[PDB]
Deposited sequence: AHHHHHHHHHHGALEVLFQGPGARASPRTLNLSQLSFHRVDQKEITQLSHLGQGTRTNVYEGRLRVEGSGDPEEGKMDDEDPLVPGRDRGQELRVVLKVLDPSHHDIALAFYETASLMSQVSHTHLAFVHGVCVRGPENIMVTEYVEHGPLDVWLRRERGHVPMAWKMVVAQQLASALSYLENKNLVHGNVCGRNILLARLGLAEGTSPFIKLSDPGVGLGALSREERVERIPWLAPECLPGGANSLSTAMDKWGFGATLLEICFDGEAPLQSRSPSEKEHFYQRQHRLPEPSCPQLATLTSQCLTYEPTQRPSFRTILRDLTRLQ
């Protein structure tokens, strides 16, 4: 159900970084500012999961989800064409501004992400890759009288398509049931809150893959956020039992209170 974009309409500009099995570039579509997510040459099973993401994203609309225009085919290159979100990934931005980002700013972002995940939950759709890298800043919201404005990115290559090693690499955003449903986004949401409160540094980042796996193997409790305003929420979200995690309806109602 994805849209087709033709090679003649897109211009590739500067390299922005890399995703899971992708190279990401600024681009131009026909003329719109866009981001081009170029899939590494891959087997059908990766290519399919890429196209499944493009389809899921073409079917949803939300003020806090970024837009996907479609997929272009440039020979062996599968390219997703997406909205350019002005100030880029949130985690990189928070690490730059660490010590400048007030608690109220982080609560706005938490409500905005919970709102987007609430809408996906009602559609019975799973994002699968909720992390700070996949949150993009449309408005910075640090100046006076301004509020930030985030937009959640597409999940990229789907979670079920990736390797065990890539899953270990996503700890602690990766829900523990996924190491060997909509409930996994509640874990990812809780981990992203820890990352946001820790100014873009997520727990267990310095640790090795076998250490990360050991943390999950022993079901060790993740840390508490650096603000009591979210300690209860993140604790309910970061429970190893998926059925004991709150719904996003509840999460959102608590964050606005």
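Please list, in sequence order, every stretch of the deposited sequence that lacks C-alpha coordinates.
According to the deposited record, C-alpha coordinates are absent for 1-35, 66-91, 242-247, 325-326, which together make up the missing parts.
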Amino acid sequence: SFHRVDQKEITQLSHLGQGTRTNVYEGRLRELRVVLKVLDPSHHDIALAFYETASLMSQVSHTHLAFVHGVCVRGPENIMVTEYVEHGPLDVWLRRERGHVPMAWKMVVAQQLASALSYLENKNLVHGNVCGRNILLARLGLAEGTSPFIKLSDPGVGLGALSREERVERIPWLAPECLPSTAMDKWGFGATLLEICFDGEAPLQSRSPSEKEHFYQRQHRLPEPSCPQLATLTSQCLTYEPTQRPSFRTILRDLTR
From here on, numbers count along this sequence of modelled residues.
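Definition used throughout: the rigid core is the maximal C-alpha set that superposes within 1.5 Å between two forms.
Once everything is fitted on the core, do the CA positions of 71-79 or those of 116-124 lie farther from the shown form in 9 other deposited structures of this protein?
Once the core is superposed, the stretch further away in 9 other deposited structures of this protein is 71-79.
Which of the two stretches, 82-90 or 68-76, shows the higher mean Cα temperature factor in the record?
Per the PDB record, 68-76.
Read off the CA B-factors in the entry, average them over 162-170 and over 140-148, and name the higher stretch.
Comparing 162-170 with 140-148, the higher average CA B-factor belongs to 140-148.
Sorting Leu48, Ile196, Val38, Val35 by Cα temperature factor from the record, which one lands on top?
Out of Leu48, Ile196, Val38, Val35, the record gives the largest C-alpha B-factor to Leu48.
Sort the modelled residues of this chain by their C-alpha B factor and say whether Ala191 lands in the lowest, middle or highest third.
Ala191: CA B-factor falls in the lowest third of its chain.
Place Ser115 in the lowest, middle or highest third of its chain's C-alpha B-factors, as listed in the PDB entry.
It falls in the bottom third of the chain.
Mind checking which third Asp154 falls in for C-alpha B-factor across the chain?
Bottom third by C-alpha B-factor.
Which third, lowest, middle or highest, does the CA B-factor of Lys123 fall in along this chain?
Middle third by C-alpha B-factor.
Looking at the entry's B-factor column for C-alpha atoms only, identify whether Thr243 ranks in the lowest, middle or highest third of its chain.
Highest third - that is where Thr243 ends up once the chain's C-alpha B-factors are sorted.
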